[PDB]
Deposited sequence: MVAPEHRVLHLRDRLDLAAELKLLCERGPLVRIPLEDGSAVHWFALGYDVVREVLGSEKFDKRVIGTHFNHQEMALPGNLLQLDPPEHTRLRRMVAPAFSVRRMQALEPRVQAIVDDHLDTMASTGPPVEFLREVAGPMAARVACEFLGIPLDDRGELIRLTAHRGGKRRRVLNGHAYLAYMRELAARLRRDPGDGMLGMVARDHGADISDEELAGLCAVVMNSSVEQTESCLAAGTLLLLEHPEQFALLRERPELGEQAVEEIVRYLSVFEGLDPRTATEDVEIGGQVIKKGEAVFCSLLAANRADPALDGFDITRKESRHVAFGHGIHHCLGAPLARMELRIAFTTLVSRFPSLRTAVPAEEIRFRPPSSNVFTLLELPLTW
């Protein structure tokens, strides 16, 4: 369903805009009669689908342990409840100064190398990866290699036998016998993946978005208290996680005024839900409350959202303050974005100068 990923730079492609005009829930019977699929395109219907207990995440026509996105209740609940305490408000507050210092480290490297910089590979990527290591509690001597590769079972088993700090230590200390080596390794892999894919892309493309709106780049500098609002507006506008794994109805269920039959698959487009409403779509960090589903909704709602929200706030606020003269080293119109795919949305490189 490639149409759900068609963009014009950061905005929706006309072809996808045209599709959204067909209403927030669109029935898509396959041309071969093999199935009936649905596109959930509106904010309310996407929330209705994702909150419903009447859908599962069955495979339809690689499964890895510790991957919450491939579990349904009650197994999903069992694993999620064991890892959830790593993201409490208490734990992000304890972690904030150390994340601030990691961000400052990478912006120190940037200011010393001097311009230009390829911001994606040289700043955003490493920053996101290093924050992930700190959150996870990766031992210092493993971080360089772990990041270079993005082994995991060997790493997870060793840390499990001697709990450290961070999320992995907490999990092994409090649930050592209830989580296997492969499941702990799977958690580690998802966190690294979500950091070097989703978070890195938000950092790089969000910097571009701010640079394309220099009034707001500067506003965040003069009013850093806007950081939290800025993050919500950035993740809404970017929608780097564009479309979700299908939800299959386990029984007939009425959604958005239509009957989704047992066995039919619903594809939620976060991109469309976040962007298709022309009314209030303009990028504006002074919006006090953003209407978006950039982190999903329901039992699979992004487990890392507290970390992502804190890391992005720290990164963007510090960046605009330390580099008021930042600008793209090429015209914004020349930036390459990855072509339509179910993979995370990202630009391919971001040359910056200052």
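Can you list the gaps, numbered from 1 on the deposited sequence, where no C-alpha is modelled?
Residues lacking C-alpha coordinates: 1-5, 67-73, 163-180.
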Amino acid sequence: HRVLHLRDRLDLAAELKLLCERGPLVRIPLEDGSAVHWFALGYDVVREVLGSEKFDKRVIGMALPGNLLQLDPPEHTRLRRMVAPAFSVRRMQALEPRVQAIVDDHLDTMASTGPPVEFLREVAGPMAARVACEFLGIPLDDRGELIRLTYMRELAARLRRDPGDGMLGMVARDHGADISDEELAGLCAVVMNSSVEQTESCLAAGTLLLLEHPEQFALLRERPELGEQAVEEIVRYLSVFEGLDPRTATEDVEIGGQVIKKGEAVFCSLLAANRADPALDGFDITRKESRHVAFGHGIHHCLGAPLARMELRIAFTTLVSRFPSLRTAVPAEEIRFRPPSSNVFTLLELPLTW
From here on, numbers count along this sequence of modelled residues.
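If you take the mean CA temperature factor per stretch, which one wins between 170-178 and 225-233?
If you average the C-alpha B-factors of 225-233 and of 170-178, the larger mean comes out for 170-178.
Do the C-alpha atoms of 196-204 or of 108-116 have the higher average B factor in the entry?
Per the PDB record, 108-116.
Checking the entry, which one of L210, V103, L79, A279 has the top C-alpha B factor?
The record points to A279.
Out of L155, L244, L238, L184, which shows the largest CA B-factor listed in the entry?
Highest CA B-factor of the listed options: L155.
In terms of the CA temperature factor given in the entry, to which third of its chain does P74 belong: lowest, middle or highest?
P74: CA B-factor falls in the middle third of its chain.
Would you please rank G42 by its C-alpha temperature factor against the other modelled residues of its chain and give the third it falls in: lowest, middle or highest?
Middle third of the chain for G42's C-alpha B-factor.
Check where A94 lands among this chain's C-alpha B-factors and tell me if it's the lowest, middle or highest third.
Answer is highest: the recorded C-alpha B-factor places it there.
Third of the chain's Cα B-factor distribution that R130 belongs to, per the entry:
Its C-alpha B-factor, which the entry lists for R130, ranks in the lowest third among residues of this chain.
If you rank every modelled residue in this chain by C-alpha B factor, which third holds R291: lowest, middle or highest?
Top third by C-alpha B-factor.
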